[PDB]
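A quick write-up on the structure given underneath.
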Amino acid sequence: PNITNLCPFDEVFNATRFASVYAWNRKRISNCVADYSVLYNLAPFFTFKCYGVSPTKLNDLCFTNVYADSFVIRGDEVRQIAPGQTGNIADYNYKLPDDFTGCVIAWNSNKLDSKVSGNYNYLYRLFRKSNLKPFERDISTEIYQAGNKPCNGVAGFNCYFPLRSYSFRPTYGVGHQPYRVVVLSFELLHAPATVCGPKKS
Amino acid sequence: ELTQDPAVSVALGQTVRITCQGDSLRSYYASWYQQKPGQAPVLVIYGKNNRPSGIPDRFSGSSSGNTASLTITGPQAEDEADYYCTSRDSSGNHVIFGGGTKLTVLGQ
Amino acid sequence: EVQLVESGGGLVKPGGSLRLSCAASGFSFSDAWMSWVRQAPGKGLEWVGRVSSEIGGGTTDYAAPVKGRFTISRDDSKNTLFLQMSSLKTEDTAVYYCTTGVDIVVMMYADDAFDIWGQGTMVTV
Ligand SMILES: *[C@@H]1O[C@H](CO)[C@@H](O)[C@H](O)[C@H]1NC(C)=O
(Lines give C-alpha, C1' and ligand atoms only; values in the text may rest on other atoms or scores of the structure.)
Protein backbone atom coordinates (compact mmCIF):
# COMPACT_ATOMS: atom_id res chain seq x y z
CA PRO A 1 0.00 0.00 0.00
CA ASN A 2 2.25 2.80 -1.32
CA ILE A 3 1.21 2.29 -4.21
CA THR A 4 4.05 1.07 -6.43
CA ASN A 5 3.83 -2.74 -6.26
CA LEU A 6 0.81 -3.18 -8.50
CA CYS A 7 0.58 -6.73 -9.79
CA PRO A 8 -0.09 -6.89 -13.54
CA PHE A 9 -3.86 -7.42 -13.42
CA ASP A 10 -4.44 -4.96 -16.27
CA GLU A 11 -3.55 -7.37 -19.08
CA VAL A 12 -5.73 -10.16 -17.68
CA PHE A 13 -8.59 -7.72 -18.34
CA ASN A 14 -7.14 -6.35 -21.60
CA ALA A 15 -4.88 -8.56 -23.72
CA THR A 16 -4.36 -9.59 -27.34
CA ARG A 17 -5.99 -13.04 -27.52
CA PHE A 18 -8.28 -14.60 -24.94
CA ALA A 19 -8.20 -18.36 -24.47
CA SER A 20 -11.13 -20.45 -25.64
CA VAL A 21 -13.68 -21.77 -23.16
CA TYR A 22 -12.54 -25.42 -23.29
CA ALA A 23 -8.90 -24.39 -22.73
CA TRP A 24 -9.43 -21.42 -20.41
CA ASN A 25 -6.53 -19.61 -18.76
CA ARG A 26 -5.57 -19.14 -15.11
CA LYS A 27 -3.26 -16.55 -13.56
CA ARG A 28 -1.87 -16.46 -10.02
CA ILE A 29 -1.49 -13.26 -7.98
CA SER A 30 0.98 -12.88 -5.11
CA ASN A 31 2.56 -9.99 -3.16
CA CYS A 32 0.46 -7.20 -4.63
CA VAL A 33 -1.91 -4.35 -3.78
CA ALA A 34 -5.44 -5.11 -4.99
CA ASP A 35 -7.02 -1.89 -6.28
CA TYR A 36 -10.28 -2.84 -8.00
CA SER A 37 -11.50 0.78 -7.96
CA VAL A 38 -9.90 1.45 -11.35
CA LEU A 39 -11.96 -1.42 -12.77
CA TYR A 40 -15.27 -0.84 -10.97
CA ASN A 41 -15.42 2.81 -12.09
CA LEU A 42 -14.54 1.83 -15.67
CA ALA A 43 -17.37 2.08 -18.20
CA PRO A 44 -17.76 -0.85 -20.60
CA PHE A 45 -17.97 -3.77 -18.13
CA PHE A 46 -21.48 -5.05 -18.80
CA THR A 47 -21.73 -7.60 -15.98
CA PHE A 48 -20.37 -7.54 -12.40
CA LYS A 49 -21.70 -10.41 -10.28
CA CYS A 50 -20.65 -12.09 -7.04
CA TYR A 51 -22.08 -14.01 -4.15
CA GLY A 52 -19.62 -14.49 -1.29
CA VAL A 53 -18.08 -11.04 -0.84
CA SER A 54 -19.63 -7.59 -1.09
CA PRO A 55 -19.55 -5.81 -4.47
CA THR A 56 -18.22 -2.56 -2.95
CA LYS A 57 -16.54 -3.67 0.31
CA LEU A 58 -14.05 -5.81 -1.61
CA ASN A 59 -11.15 -3.50 -0.66
CA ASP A 60 -11.85 -3.69 3.09
CA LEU A 61 -11.12 -7.42 3.56
CA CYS A 62 -7.67 -8.83 2.93
CA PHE A 63 -6.87 -12.12 1.18
CA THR A 64 -3.84 -14.37 0.68
CA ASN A 65 -4.07 -15.54 -2.95
CA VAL A 66 -6.01 -14.39 -6.02
CA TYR A 67 -6.74 -16.50 -9.10
CA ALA A 68 -7.82 -14.74 -12.30
CA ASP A 69 -9.60 -17.01 -14.78
CA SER A 70 -10.07 -15.81 -18.35
CA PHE A 71 -11.96 -17.06 -21.40
CA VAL A 72 -14.49 -15.96 -24.03
CA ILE A 73 -18.03 -17.31 -24.51
CA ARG A 74 -21.23 -16.58 -26.40
CA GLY A 75 -23.33 -13.83 -24.85
CA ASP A 76 -26.30 -15.89 -23.67
CA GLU A 77 -24.51 -18.41 -21.40
CA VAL A 78 -23.06 -15.57 -19.33
CA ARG A 79 -26.30 -16.36 -17.50
CA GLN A 80 -25.09 -19.99 -17.36
CA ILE A 81 -21.60 -19.35 -15.90
CA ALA A 82 -23.07 -18.96 -12.40
CA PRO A 83 -22.88 -22.07 -10.17
CA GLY A 84 -25.86 -24.39 -10.07
CA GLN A 85 -27.16 -24.51 -13.63
CA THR A 86 -26.31 -27.14 -16.24
CA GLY A 87 -26.24 -27.78 -19.99
CA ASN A 88 -23.50 -26.89 -22.42
CA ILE A 89 -20.36 -25.08 -21.17
CA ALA A 90 -21.49 -25.35 -17.53
CA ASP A 91 -21.09 -29.15 -17.60
CA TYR A 92 -18.76 -29.77 -20.55
CA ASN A 93 -16.37 -26.79 -20.50
CA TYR A 94 -16.27 -24.93 -17.17
CA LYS A 95 -18.02 -25.63 -13.86
CA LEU A 96 -17.94 -23.55 -10.67
CA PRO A 97 -18.43 -25.17 -7.24
CA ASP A 98 -21.53 -24.62 -5.14
CA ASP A 99 -19.44 -22.93 -2.42
CA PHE A 100 -17.64 -20.68 -4.91
CA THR A 101 -16.50 -17.23 -3.82
CA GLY A 102 -15.24 -14.46 -6.08
CA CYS A 103 -16.56 -12.09 -8.69
CA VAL A 104 -17.36 -12.76 -12.35
CA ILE A 105 -16.90 -10.02 -14.94
CA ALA A 106 -18.34 -9.98 -18.45
CA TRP A 107 -18.04 -7.46 -21.26
CA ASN A 108 -18.73 -7.18 -24.98
CA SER A 109 -16.23 -7.51 -27.84
CA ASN A 110 -18.25 -6.06 -30.74
CA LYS A 111 -15.29 -4.28 -32.38
CA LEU A 112 -12.43 -6.51 -31.22
CA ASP A 113 -13.28 -10.07 -32.34
CA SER A 114 -15.87 -10.06 -35.16
CA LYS A 115 -14.31 -10.60 -38.59
CA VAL A 116 -16.06 -10.33 -41.96
CA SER A 117 -14.33 -13.51 -43.17
CA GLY A 118 -15.56 -15.50 -40.17
CA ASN A 119 -13.59 -16.65 -37.12
CA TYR A 120 -13.63 -20.33 -36.15
CA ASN A 121 -10.74 -20.64 -33.68
CA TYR A 122 -12.98 -20.32 -30.60
CA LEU A 123 -14.08 -23.88 -29.83
CA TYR A 124 -16.45 -25.51 -27.38
CA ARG A 125 -17.15 -29.08 -26.32
CA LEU A 126 -20.46 -30.79 -27.10
CA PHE A 127 -19.73 -34.45 -26.28
CA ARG A 128 -18.25 -35.69 -22.99
CA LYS A 129 -18.80 -39.12 -21.47
CA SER A 130 -18.35 -38.05 -17.84
CA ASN A 131 -19.22 -34.84 -15.99
CA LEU A 132 -16.71 -32.11 -15.17
CA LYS A 133 -15.73 -31.63 -11.57
CA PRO A 134 -15.36 -27.93 -10.62
CA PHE A 135 -12.16 -26.19 -11.78
CA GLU A 136 -11.01 -28.79 -14.31
CA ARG A 137 -9.61 -28.44 -17.84
CA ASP A 138 -9.99 -30.95 -20.66
CA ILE A 139 -7.67 -30.72 -23.66
CA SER A 140 -7.89 -34.28 -25.04
CA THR A 141 -9.48 -34.50 -28.48
CA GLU A 142 -10.32 -38.18 -28.92
CA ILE A 143 -13.53 -38.84 -30.83
CA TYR A 144 -16.74 -39.79 -29.01
CA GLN A 145 -17.90 -43.40 -29.09
CA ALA A 146 -21.65 -44.02 -29.13
CA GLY A 147 -22.59 -47.16 -27.22
CA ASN A 148 -21.21 -49.78 -29.61
CA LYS A 149 -19.87 -50.23 -33.21
CA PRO A 150 -16.15 -50.13 -34.07
CA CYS A 151 -15.70 -46.35 -34.40
CA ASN A 152 -13.46 -46.20 -31.33
CA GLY A 153 -10.94 -43.86 -32.95
CA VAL A 154 -11.56 -44.70 -36.60
CA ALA A 155 -13.31 -41.30 -37.04
CA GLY A 156 -16.22 -42.24 -39.27
CA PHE A 157 -20.00 -42.36 -38.81
CA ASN A 158 -22.02 -42.85 -35.59
CA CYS A 159 -19.14 -41.05 -33.84
CA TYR A 160 -18.69 -37.29 -33.47
CA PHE A 161 -15.74 -34.96 -32.90
CA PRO A 162 -16.09 -33.30 -29.48
CA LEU A 163 -14.56 -29.89 -30.27
CA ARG A 164 -16.82 -27.75 -32.44
CA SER A 165 -16.30 -24.18 -33.64
CA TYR A 166 -18.33 -21.09 -32.82
CA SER A 167 -19.97 -18.75 -35.34
CA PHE A 168 -18.10 -15.47 -35.01
CA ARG A 169 -19.12 -11.28 -38.41
CA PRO A 170 -20.85 -7.89 -38.64
CA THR A 171 -24.16 -9.52 -39.66
CA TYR A 172 -24.68 -11.08 -36.21
CA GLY A 173 -26.87 -9.54 -33.52
CA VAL A 174 -27.17 -9.54 -29.75
CA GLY A 175 -26.97 -13.09 -28.40
CA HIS A 176 -24.30 -14.37 -30.81
CA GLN A 177 -21.66 -11.77 -29.92
CA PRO A 178 -18.35 -12.73 -28.24
CA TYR A 179 -18.34 -11.83 -24.54
CA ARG A 180 -15.05 -11.84 -22.65
CA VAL A 181 -15.41 -13.37 -19.18
CA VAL A 182 -12.94 -13.14 -16.29
CA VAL A 183 -13.57 -14.67 -12.86
CA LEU A 184 -11.62 -13.52 -9.80
CA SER A 185 -11.53 -16.24 -7.14
CA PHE A 186 -9.55 -16.48 -3.91
CA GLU A 187 -8.54 -18.81 -1.09
CA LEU A 188 -8.14 -18.08 2.62
CA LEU A 189 -6.82 -19.25 5.99
CA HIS A 190 -3.75 -21.25 5.03
CA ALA A 191 -1.02 -18.60 4.67
CA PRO A 192 -0.10 -15.05 5.75
CA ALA A 193 -1.97 -12.34 3.88
CA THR A 194 -0.16 -11.11 0.76
CA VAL A 195 -2.61 -9.51 -1.71
CA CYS A 196 -5.15 -6.80 -0.75
CA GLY A 197 -5.83 -3.16 -1.38
CA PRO A 198 -4.29 0.06 -0.15
CA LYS A 199 -4.99 2.23 2.88
CA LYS A 200 -6.91 5.50 2.59
CA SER A 201 -7.71 8.34 4.99
CA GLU B 1 13.98 -30.43 -0.81
CA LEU B 2 11.63 -33.29 0.06
CA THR B 3 12.46 -36.19 2.37
CA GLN B 4 11.43 -39.84 2.12
CA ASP B 5 12.44 -43.12 3.72
CA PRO B 6 14.17 -45.65 1.42
CA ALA B 7 11.71 -48.53 1.86
CA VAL B 8 8.68 -49.60 3.89
CA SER B 9 8.00 -53.23 4.85
CA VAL B 10 4.27 -53.96 5.25
CA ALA B 11 2.76 -57.44 5.04
CA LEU B 12 -0.09 -58.31 2.69
CA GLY B 13 -3.62 -57.17 3.48
CA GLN B 14 -2.43 -54.41 5.83
CA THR B 15 -2.74 -50.65 5.43
CA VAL B 16 0.46 -49.09 4.05
CA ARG B 17 1.34 -45.52 5.06
CA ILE B 18 3.84 -43.58 2.92
CA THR B 19 5.29 -40.29 4.15
CA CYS B 20 6.80 -37.19 2.53
CA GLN B 21 8.48 -34.40 4.50
CA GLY B 22 8.87 -30.85 3.25
CA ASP B 23 8.97 -27.32 4.61
CA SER B 24 6.66 -25.83 1.96
CA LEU B 25 3.81 -28.37 1.97
CA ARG B 26 1.35 -26.01 3.69
CA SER B 27 0.71 -24.61 0.22
CA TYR B 28 1.55 -26.34 -3.09
CA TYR B 29 -0.06 -29.67 -2.24
CA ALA B 30 1.99 -32.74 -3.11
CA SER B 31 1.21 -35.20 -5.89
CA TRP B 32 2.10 -38.90 -5.84
CA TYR B 33 3.38 -40.85 -8.85
CA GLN B 34 4.14 -44.56 -9.12
CA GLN B 35 7.04 -46.00 -11.14
CA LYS B 36 7.04 -49.66 -12.11
CA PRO B 37 10.35 -51.47 -12.75
CA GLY B 38 11.42 -50.46 -16.25
CA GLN B 39 8.36 -48.35 -17.05
CA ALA B 40 7.38 -44.71 -17.39
CA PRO B 41 5.94 -43.07 -14.25
CA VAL B 42 2.16 -42.95 -13.95
CA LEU B 43 -0.17 -40.64 -12.06
CA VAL B 44 -1.73 -41.93 -8.85
CA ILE B 45 -2.83 -38.99 -6.68
CA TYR B 46 -2.92 -35.24 -7.30
CA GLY B 47 -4.81 -32.18 -6.11
CA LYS B 48 -6.55 -32.03 -2.75
CA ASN B 49 -7.73 -35.61 -2.22
CA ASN B 50 -8.72 -37.09 -5.60
CA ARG B 51 -7.24 -39.44 -8.18
CA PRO B 52 -7.50 -39.88 -11.97
CA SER B 53 -10.14 -42.19 -13.38
CA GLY B 54 -9.14 -45.80 -13.93
CA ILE B 55 -7.10 -45.95 -10.72
CA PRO B 56 -8.68 -48.49 -8.32
CA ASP B 57 -10.11 -47.14 -5.07
CA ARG B 58 -7.20 -48.18 -2.86
CA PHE B 59 -4.93 -45.09 -2.73
CA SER B 60 -5.94 -42.08 -0.65
CA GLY B 61 -4.11 -38.88 0.20
CA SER B 62 -3.73 -36.81 3.34
CA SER B 63 -1.79 -33.70 4.30
CA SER B 64 -1.14 -31.99 7.63
CA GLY B 65 1.03 -28.87 7.77
CA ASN B 66 4.54 -29.92 6.74
CA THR B 67 3.59 -33.60 6.29
CA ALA B 68 2.16 -35.42 3.27
CA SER B 69 1.07 -39.04 3.25
CA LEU B 70 -0.48 -41.71 1.05
CA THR B 71 -2.63 -44.57 2.34
CA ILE B 72 -3.02 -48.00 0.72
CA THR B 73 -5.92 -50.18 1.91
CA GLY B 74 -5.58 -53.87 1.10
CA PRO B 75 -2.51 -54.07 -1.15
CA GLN B 76 -2.15 -56.75 -3.79
CA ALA B 77 0.94 -58.40 -5.30
CA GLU B 78 1.13 -55.87 -8.17
CA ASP B 79 1.97 -52.80 -6.04
CA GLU B 80 5.71 -53.54 -5.66
CA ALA B 81 6.90 -50.23 -7.09
CA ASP B 82 8.50 -46.86 -6.37
CA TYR B 83 6.54 -43.85 -5.13
CA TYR B 84 7.43 -40.18 -5.63
CA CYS B 85 5.96 -37.06 -4.01
CA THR B 86 5.97 -33.67 -5.73
CA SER B 87 5.59 -30.13 -4.39
CA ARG B 88 6.44 -26.58 -5.50
CA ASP B 89 8.74 -23.93 -4.07
CA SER B 90 7.33 -20.49 -3.31
CA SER B 91 9.77 -18.32 -5.26
CA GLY B 92 10.77 -19.98 -8.52
CA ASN B 93 7.68 -22.16 -9.15
CA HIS B 94 9.68 -25.34 -9.80
CA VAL B 95 8.45 -28.90 -9.33
CA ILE B 96 11.59 -29.90 -7.28
CA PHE B 97 10.44 -33.58 -6.82
CA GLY B 98 11.66 -35.82 -4.01
CA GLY B 99 13.88 -38.78 -3.20
CA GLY B 100 11.25 -41.44 -3.74
CA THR B 101 10.56 -44.64 -1.84
CA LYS B 102 10.28 -48.36 -2.56
CA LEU B 103 7.45 -50.74 -1.68
CA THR B 104 7.87 -54.52 -1.87
CA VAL B 105 5.76 -57.65 -1.38
CA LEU B 106 6.39 -59.73 1.76
CA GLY B 107 4.52 -62.92 0.87
CA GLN B 108 5.91 -66.40 0.33
CA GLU C 1 -5.60 -42.26 -28.57
CA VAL C 2 -3.55 -39.47 -26.94
CA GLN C 3 0.18 -40.05 -27.37
CA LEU C 4 3.58 -38.47 -26.77
CA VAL C 5 6.58 -39.79 -28.73
CA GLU C 6 10.22 -39.01 -27.88
CA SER C 7 13.01 -39.06 -30.47
CA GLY C 8 16.72 -38.34 -30.42
CA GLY C 9 19.60 -39.28 -28.17
CA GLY C 10 22.69 -41.46 -28.30
CA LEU C 11 26.40 -41.46 -27.56
CA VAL C 12 28.28 -38.18 -28.03
CA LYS C 13 31.51 -36.66 -26.76
CA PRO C 14 31.17 -34.10 -23.93
CA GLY C 15 30.85 -30.46 -24.89
CA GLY C 16 28.76 -31.18 -27.98
CA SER C 17 25.16 -30.44 -28.86
CA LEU C 18 22.13 -32.71 -29.19
CA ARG C 19 18.47 -32.05 -30.00
CA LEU C 20 15.62 -34.10 -28.52
CA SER C 21 12.17 -33.95 -30.12
CA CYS C 22 8.74 -34.67 -28.62
CA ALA C 23 5.74 -35.16 -30.91
CA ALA C 24 2.23 -34.98 -29.46
CA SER C 25 -1.08 -36.24 -30.81
CA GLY C 26 -4.65 -36.53 -29.57
CA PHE C 27 -4.92 -33.15 -27.82
CA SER C 28 -4.63 -29.42 -28.49
CA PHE C 29 -0.90 -28.71 -28.37
CA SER C 30 -1.17 -24.90 -28.34
CA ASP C 31 -2.77 -24.81 -24.86
CA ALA C 32 -0.57 -27.33 -23.03
CA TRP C 33 2.02 -26.64 -20.32
CA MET C 34 4.55 -29.25 -21.42
CA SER C 35 7.73 -30.05 -19.53
CA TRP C 36 11.00 -31.95 -19.84
CA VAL C 37 12.17 -34.23 -17.03
CA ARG C 38 15.24 -36.45 -16.64
CA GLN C 39 16.23 -39.47 -14.58
CA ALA C 40 19.63 -41.00 -13.96
CA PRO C 41 19.65 -44.84 -13.96
CA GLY C 42 18.98 -46.01 -10.42
CA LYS C 43 18.21 -42.52 -9.09
CA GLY C 44 15.09 -40.43 -8.63
CA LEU C 45 13.43 -38.20 -11.19
CA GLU C 46 15.06 -34.82 -11.81
CA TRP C 47 13.33 -31.84 -13.42
CA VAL C 48 14.73 -30.26 -16.59
CA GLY C 49 12.37 -27.45 -17.53
CA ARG C 50 9.01 -26.02 -18.53
CA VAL C 51 7.82 -24.39 -21.75
CA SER C 52 4.27 -23.08 -20.90
CA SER C 53 1.69 -21.72 -23.36
CA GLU C 54 1.68 -18.70 -25.65
CA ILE C 55 -1.83 -17.76 -24.47
CA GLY C 56 -0.52 -16.46 -21.16
CA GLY C 57 2.97 -15.45 -22.20
CA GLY C 58 5.97 -17.61 -23.05
CA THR C 59 7.62 -18.10 -19.66
CA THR C 60 9.96 -21.03 -20.40
CA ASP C 61 11.84 -21.70 -17.16
CA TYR C 62 14.78 -23.98 -16.38
CA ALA C 63 16.08 -26.11 -13.54
CA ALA C 64 18.81 -24.69 -11.31
CA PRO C 65 21.71 -27.13 -12.07
CA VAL C 66 21.10 -27.01 -15.84
CA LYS C 67 20.13 -23.35 -16.16
CA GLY C 68 21.19 -21.61 -19.38
CA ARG C 69 23.10 -24.42 -21.08
CA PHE C 70 19.88 -26.06 -22.35
CA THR C 71 17.50 -24.55 -24.91
CA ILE C 72 13.77 -25.35 -25.03
CA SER C 73 11.34 -24.47 -27.81
CA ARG C 74 7.83 -25.08 -29.15
CA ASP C 75 6.37 -25.23 -32.66
CA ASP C 76 2.61 -25.66 -33.01
CA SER C 77 2.56 -26.03 -36.81
CA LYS C 78 4.62 -29.24 -36.87
CA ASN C 79 3.43 -30.26 -33.35
CA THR C 80 6.98 -30.38 -31.97
CA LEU C 81 8.61 -29.68 -28.62
CA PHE C 82 12.38 -29.25 -28.90
CA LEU C 83 15.16 -29.50 -26.32
CA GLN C 84 18.66 -28.40 -27.36
CA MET C 85 21.65 -29.39 -25.23
CA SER C 86 25.03 -27.66 -25.48
CA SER C 87 28.17 -27.60 -23.30
CA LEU C 88 27.48 -31.05 -21.90
CA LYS C 89 28.80 -32.47 -18.63
CA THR C 90 29.60 -36.02 -17.52
CA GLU C 91 26.44 -36.24 -15.37
CA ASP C 92 23.97 -35.97 -18.28
CA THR C 93 23.73 -39.72 -18.98
CA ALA C 94 20.03 -40.20 -18.30
CA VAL C 95 16.60 -41.15 -19.59
CA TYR C 96 14.52 -38.20 -20.77
CA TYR C 97 10.74 -37.75 -20.78
CA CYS C 98 8.49 -35.09 -22.26
CA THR C 99 5.47 -34.78 -19.98
CA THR C 100 2.18 -32.94 -20.43
CA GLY C 101 1.21 -31.16 -17.24
CA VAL C 102 -2.55 -31.03 -17.84
CA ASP C 103 -4.83 -33.47 -19.61
CA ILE C 104 -7.51 -34.39 -17.02
CA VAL C 105 -6.73 -32.68 -13.69
CA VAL C 106 -8.11 -30.25 -11.14
CA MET C 107 -5.76 -27.29 -10.80
CA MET C 108 -6.63 -24.82 -7.97
CA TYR C 109 -3.09 -23.49 -8.75
CA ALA C 110 -0.76 -23.21 -11.72
CA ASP C 111 -1.73 -25.79 -14.34
CA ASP C 112 0.79 -28.55 -13.62
CA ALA C 113 0.07 -32.05 -12.31
CA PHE C 114 1.92 -34.25 -14.89
CA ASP C 115 -0.95 -36.42 -16.10
CA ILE C 116 0.42 -38.22 -19.18
CA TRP C 117 4.10 -39.08 -19.68
CA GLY C 118 6.27 -40.38 -22.51
CA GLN C 119 8.24 -43.49 -23.37
CA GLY C 120 11.53 -41.62 -22.91
CA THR C 121 14.91 -41.78 -24.62
CA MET C 122 18.51 -42.59 -23.73
CA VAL C 123 21.27 -40.03 -23.68
CA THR C 124 24.89 -40.84 -22.83
CA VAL C 125 27.61 -38.21 -22.49
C1 LIG D 1 -7.19 -1.99 -21.60
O2 LIG D 1 -8.27 -1.03 -21.62
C3 LIG D 1 -8.40 -0.28 -20.41
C4 LIG D 1 -9.62 0.60 -20.58
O5 LIG D 1 -9.51 1.79 -19.80
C6 LIG D 1 -7.12 0.52 -20.15
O7 LIG D 1 -7.24 1.20 -18.91
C8 LIG D 1 -5.92 -0.41 -20.12
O9 LIG D 1 -4.72 0.35 -20.01
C10 LIG D 1 -5.86 -1.27 -21.39
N11 LIG D 1 -4.76 -2.22 -21.32
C12 LIG D 1 -3.55 -1.97 -21.82
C13 LIG D 1 -2.53 -3.06 -21.65
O14 LIG D 1 -3.28 -0.91 -22.38
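Basis: the model, the stated rules and, where named, an outside source; nothing here is a laboratory result. Heads up, the Cβs are rebuilt from the backbone with ideal geometry, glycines too, and the neighbour counts pull from every protein chain shown.
Structural remarks
- A single member of A:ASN152, A:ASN158 is within 26 Å of C:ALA32 (Cβ to Cβ) and among the polar types (S, T, N, Q), and it is A:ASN152.
- Looking across the stretch C:73-120, just one residue is within 7 Å of chain B (Cβ to nearest Cβ), assigned to a strand (DSSP E or B) and of a type outside the set (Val, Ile, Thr), and that is C:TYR97.
- Residues that are away from chain C (no Cβ under 14 Å) and within 16 Å of the ligand (Cβ to nearest atom), drawn from the stretch A:19-46: A:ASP35, A:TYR36, A:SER37, A:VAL38, A:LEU39, A:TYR40, A:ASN41, A:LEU42, A:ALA43, A:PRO44, A:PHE45, A:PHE46
- Wholly within the stretch A:84-143, strands (runs of 3 or more DSSP E) carrying at least 1 residues that are within 12 Å of chain C (Cβ to nearest Cβ): A:123-125, A:136-138
- Scan of the stretch B:1-50 for residues that are surrounded by fewer than 19 Cβ atoms within 10 Å (Cβ to Cβ), assigned to a strand (DSSP E or B) and more than 14 Å from chain C (Cβ to nearest Cβ), ordered by number: B:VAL8, B:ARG17, B:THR19, B:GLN21
- Selection from the stretch C:6-31 of residues that are under 30 Å from A:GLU11 (Cα atoms) and either in contact with a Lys or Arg (Cβ under 9 Å, 6 or more places away or on another chain) or part of a helix (DSSP H, G or I) (or both): C:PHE29, C:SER30, C:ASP31
- The stretch A:1-81 holds strands (runs of 3 or more DSSP E) entirely within its bounds, and those carrying 2 or more residues that are farther than 30 Å from A:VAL174 by Cβ map to A:25-29, A:65-74.
- All positions within the stretch A:1-18 that are within 11 Å of the ligand (Cβ to nearest atom) and not aliphatic (A, V, I, L, M): A:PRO8, A:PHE9, A:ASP10, A:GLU11, A:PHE13, A:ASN14, A:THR16
- The residue that is surrounded by the fewest Cβ atoms within 10 Å (Cβ to Cβ), counting only those in the stretch A:1-19 that are of a type outside the set (A, V, I, L, M) and more than 29 Å from C:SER30 (Cα to Cα), is A:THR4.
Results for (1) within 14 Å of another protein chain (Cβ to nearest Cβ); (2) assigned to a strand (DSSP E or B); (3) among the aliphatic types (A, V, I, L, M), shown as yes or no for each residue.
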position	(1), (2), (3)
B:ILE55	yes, no, yes
B:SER62	no, yes, no
B:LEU70	no, yes, yes
B:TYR83	yes, yes, no
B:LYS102	yes, yes, no
B:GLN108	no, no, no
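- Count of residues meeting criterion [in a loop (DSSP other than H, G, I, E, B) and either of a type in the set (A, V, I, L, M, F, W, C) or loosely packed, with under 10 Cβ neighbours inside 10 Å (or both)] in the stretch A:157-178: 9
- Any hit, the stretch A:71-81, residues being within 16 Å of the ligand (Cβ to nearest atom), assigned by CATH to the domain that holds A:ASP113 and in contact with a strand residue (DSSP E or B) (Cβ under 9 Å, 6 or more places away or on another chain): yes
- Within the set A:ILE143, A:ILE105, the sole residue that is closer than 30 Å to A:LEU58 by Cα, touching a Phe, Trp or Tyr at 6+ places or on another chain (Cβ under 9 Å) and among the aliphatic types (A, V, I, L, M) turns out to be A:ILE105.
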